[PDB]
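Have a look below at one chain only, the form deposited in one PDB entry, in structure tokens format.
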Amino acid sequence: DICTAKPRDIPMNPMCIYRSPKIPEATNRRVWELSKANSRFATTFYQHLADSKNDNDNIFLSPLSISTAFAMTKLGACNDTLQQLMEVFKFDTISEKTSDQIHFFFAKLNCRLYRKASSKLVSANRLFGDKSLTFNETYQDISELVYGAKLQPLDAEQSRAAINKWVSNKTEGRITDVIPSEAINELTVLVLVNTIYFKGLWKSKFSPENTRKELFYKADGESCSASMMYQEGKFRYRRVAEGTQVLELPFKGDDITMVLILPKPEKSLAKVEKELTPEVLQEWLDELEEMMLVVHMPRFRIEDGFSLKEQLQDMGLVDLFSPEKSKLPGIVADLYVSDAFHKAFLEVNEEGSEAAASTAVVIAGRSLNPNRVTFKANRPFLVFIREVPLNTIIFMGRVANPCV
């Protein structure tokens, strides 16, 4: 059991260790620390990601999800491979204890972010290794005990089937064909596979009988047709520094919410992206205050699938992806990382996330003031899916083009 056990009860330290030469109610000191650390990686990682993608391309990912994945291997990692892992993911800017049993506190942080009832948050993670080699039987245990499962041996394309089809089972169709038909080969050593997507309803719904057909202005200069939803009501909003508009739409339960961030018309979304930093992010989330504004927002489905390899290495995570430089004796009873794949899906509309249903919403007596605030997202804006009251960034993406 992970939700409430205790480390003292299940000795689970790594083979190698590393040494780099506003407390909320009923919250574990560590789990909090570890969490703030992830939000400092998520923003940096998002920048590099953004920077490398065209300005019309949508984005979506669960940074928390990637952090966890790599946080595993940093269990059998050693030397330069361990240093780069540690330095990159910000794992080094946290206490010694939390860092040694990092993998554990992560599981602990999950049990909670998931104990968030109501709307369900499905995920599907596993490490697939080749049968040729033999793995530590304890690595496997601390894995099945903390990372949901054990590195599943494999081999060689009925493998792509095994994988993609393994995710099929868990994501029940939602996530499929995870890896392409050109990832495995005469060099298919070790591969990471992590996928996720969120399922939830809006605390305060939108009404289908109010969805017009507005125009959306894309990054190049053109414009296109989008399904613009509409709604009148109370919301946590705030005109932050330089105009940038921040708006928070919560899901039922009030412990998970979607923060939207729309820049002015003159300032490109790209400019806003180059300023994200934990401090500036929370701060915006502090100036929020309730009001009665209108809300316009296009529907959209977003399915991002990519290799973290090129992006991480471009960040300094090079040894892990090197046959002659790697160092993961912590799983073998050497070996190296071939490629790691991530996948997130996110669909939105009148009802919420992934939530498919037809409801009605009648409001009699409401008459807002002509001098009202309106949030018309007819242009590129960022999106967050944070958890409360922890402020954990679960998904963070960008909607550059909802049309099509």
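Heads up, when I say rigid core I mean the largest set of C-alphas that superpose within 1.5 Å between the two forms. Start at 1 and count along the sequence shown; that's the residue number.
Note that the form solved in complex with a partner chain isn't included here; everything after this is about it.
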Would you check, heavy atoms only and a 4.5 Å threshold, whether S268 touches its partner chain in the deposited complex? no
Heavy atom to heavy atom, is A37 within 4.5 Å of its partner chain in the deposited complex? no
Does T188 reach its partner chain in the deposited complex if we count a contact as any heavy atom within 4.5 Å? yes
I'd like to know if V31 sits close to its partner chain in the deposited complex, meaning any non-hydrogen atom pair within 4.5 angstroms. no
With the partner left out here, if you bring back its partner chain in the deposited complex, are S99, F105 and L390 all within 4.5 Å of it by some heavy atom? no
Among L281, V259, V178, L109, just one has a heavy atom within 4.5 Å of its partner chain in the deposited complex, namely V178
Quick check on the comparison between this form and the one not shown: with the core aligned, only one of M229, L127, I261, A226 should show a Cα shift of at least 2 Å. Which one is it? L127
After superposition on the rigid core, does the Cα atom of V272 shift by at least 2 Å between this form and the one not shown? no
With both forms fit on the core, has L328 moved 2 Å or more by CA between this form and the one not shown? no
C-alpha of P180 off by 2 Å or more between this form and the one not shown on rigid core: yes
Have a look at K53 and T195: in the deposited complex, are their Cα atoms closer together or farther apart than in this form, given the change is 3 Å or more? farther
